[PDB]
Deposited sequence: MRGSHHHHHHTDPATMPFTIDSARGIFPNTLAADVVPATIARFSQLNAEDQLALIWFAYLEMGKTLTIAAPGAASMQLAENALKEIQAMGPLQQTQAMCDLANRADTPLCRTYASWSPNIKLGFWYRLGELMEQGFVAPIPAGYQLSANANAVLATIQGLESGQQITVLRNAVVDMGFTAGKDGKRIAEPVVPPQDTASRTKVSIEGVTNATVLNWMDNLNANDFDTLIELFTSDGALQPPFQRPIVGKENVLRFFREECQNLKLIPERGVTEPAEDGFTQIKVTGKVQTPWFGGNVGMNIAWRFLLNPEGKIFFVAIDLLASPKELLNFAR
């Protein structure tokens, strides 16, 4: 096996590829249409989904950029937002690109509050979406909540212009005594259980020791992240305060004393908590010693993809 060939394990797993499909359609749109479409999606979603407040540390890291935009005239505020959507090369776009996803999301969270209040230039009153934009919004509004929030996150992350990396502080791992242990029907594999339990405890230093030196983690609709340095950085930047709720799985032999394990269940992001349960598969390829050579995390097409 190579990392790129391991991508093919459990090929019956039907991923929600409508998500990258919809992001590709979104990316073609006029910048003003991109901003208006997300405004409309965000307003409707907020009627039933409450977004968690951005962390204090995140907001502090975004404060100077938010103040710069708040100080602009309305025309310049709209232009700054269009620059981000267009991935234009500007100082603000380079600052934005240096940020972790959570800082980018917190930035837009605060601009959305200020736009609702009228302190930052809002989407024009009675703005009508382009033909392509109206259809992209219709697609988004027809998706399950877990797919909707993934489209919005991916759209936000893709903005700005690419390097110095700015991320939230890493909260210390959960005290041992208060930690939960997951149970998975059909899976007792210590590596898989330790994966779930250490991620639920934000214990990234214990988690990274489960990998081979050349091992990779593949997040939903992303290329594999390869090697302990890159995987640990990903954990520390993006993987704080998740709740993994694995349900059931299957354990099979693979080539050369390797083991392949597929688990299905749900994950909660701290942005939505129990309000959005994303249907997830984990696909593990373990070496004979039980180290992770490859683990993929897939957003599933529907609840019918759960085992």
Compared with the full deposited sequence, the modelled chain skips 1 to 17, 180 to 183, 329 to 332
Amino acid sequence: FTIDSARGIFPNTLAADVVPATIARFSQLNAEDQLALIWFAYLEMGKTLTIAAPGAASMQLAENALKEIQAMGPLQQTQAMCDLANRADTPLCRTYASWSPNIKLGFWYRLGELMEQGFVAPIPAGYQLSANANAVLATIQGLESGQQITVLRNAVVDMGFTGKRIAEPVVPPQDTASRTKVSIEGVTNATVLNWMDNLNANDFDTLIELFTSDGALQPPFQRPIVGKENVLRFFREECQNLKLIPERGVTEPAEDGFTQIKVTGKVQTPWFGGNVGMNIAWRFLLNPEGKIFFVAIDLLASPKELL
From here on, numbers count along this sequence of modelled residues.
Which is higher on average in the deposited entry, the C-alpha temperature factors of 184 to 192 or of 132 to 140? 184 to 192
Selected stretch [higher average CA B-factor]: 169 to 177 or 203 to 211: 169 to 177
Among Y109, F119, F235, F221, highest Cα B-factor in the entry goes to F119
Out of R153, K104, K228, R94, which shows the largest CA B-factor listed in the entry? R94
Comparing against every modelled residue in the chain, figure out the third that the C-alpha B-factor of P253 lands in (lowest, middle or highest). highest
Relative C-alpha B-factor of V263, binned into the chain's lowest, middle or highest third: lowest
Which third of the chain holds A56 when residues are ordered by C-alpha B factor: lowest, middle or highest? highest
Which third of the chain holds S27 when residues are ordered by C-alpha B factor: lowest, middle or highest? lowest
Cα B factor band for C82 (lowest, middle or highest third within the chain): middle
